[PDB]
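Comments concern the structure below.
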Amino acid sequence: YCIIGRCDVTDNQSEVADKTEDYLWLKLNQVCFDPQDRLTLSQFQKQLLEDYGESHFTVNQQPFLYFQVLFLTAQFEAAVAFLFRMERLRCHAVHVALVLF
Amino acid sequence: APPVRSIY
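So the sequences go chain by chain: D1 and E1. In case it helps, the entry's author numbering puts the first sequence at residues 391 to 424, 431 to 497. So the second sequence is numbered by the entry's author numbering: it starts at 88 and just counts up by one.
What follows is the structure, encoded as structure tokens:
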């Protein structure tokens, strides 16, 4: 219902969206464009990394999980710098920067 | 309260 109506943005529907990708997909189907019970890409993209930074998404020591969160929200610079710090994934982060360049 | 469990 609230995937069709883009409502109840605060309720993460955790009963059915238990994975991270299920959350991203749940919200990107809820973002809106031009006051209550409404979320926009700017709020969502900022809300995610500002409040729930790397710390929240890298506790499982899985780096790509956070990268996908930033890249699939149009925050390409964040995801590039972030992934560029993983000494094992420097190569990959430089190139995804070149492509964007 | 988003989960941190990656789709595996």
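Beta carbons: idealized from backbone N, C-alpha and C, even for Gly.
Return the first residue and the last residue of the alpha helix (DSSP H) that residue i is part of.
i: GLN443 (chain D1); result: 437-447
i: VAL492 (chain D1); result: 486-496
i: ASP412 (chain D1); result: 410-418
i: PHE423 (chain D1); result: From DSSP, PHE423 (chain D1) is part of no alpha helix (DSSP H); its letter is neither H nor E.
i: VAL476 (chain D1); result: 472-481
i: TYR391 (chain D1); result: Run containing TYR391 (chain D1): none; DSSP gives neither H nor E here.
i: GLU450 (chain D1); result: 450-453
i: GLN403 (chain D1); result: Where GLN403 (chain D1) is concerned, there is no enclosing alpha helix (DSSP H), given that its DSSP letter is neither H nor E.
i: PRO459 (chain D1); result: 459-467
Going along chain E1, which residues have a C-beta under 8 Å from residue i?
i: residue 357 (chain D1); result: Since the first residue of chain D1 shown is 391 and the last is 497, residue 357 (chain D1) is not available in this structure.
So which residues on chain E1 does residue i lean against when the C-beta distance must stay under 7 Å?
i: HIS452 (chain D1); result: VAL91
Just to make sure I have the definition right: I need the residues of chain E1 whose C-beta is within less than 9 Å of the C-beta of residue i. Which are they?
i: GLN471 (chain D1); result: Going along chain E1, no residue has its Cβ under 9 Å from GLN471 (chain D1), so there is no contact; the nearest lies around 15 Å.
i: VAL455 (chain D1); result: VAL91
i: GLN458 (chain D1); result: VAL91, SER93
* Asked: When the Cβ atoms of the stretch 391-406 of chain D1 are set against those of the stretch 446-457 of chain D1, are three or more pairs found closer than 8 Å?
  -> Three or more beta-carbon pairs separated by less than 8 Å are not found between the stretch 391-406 of chain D1 and the stretch 446-457 of chain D1, which leaves the two stretches without contact.
* To do: Give the residues from the stretch 432-449 of chain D1 that approach chain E1 closer than 9 Å (Cβ to any Cβ), ordered along the chain.
  => Taking 9 Å as the upper bound on Cβ-Cβ separation, chain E1 lies near residues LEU444, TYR448 of the stretch 432-449 of chain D1.
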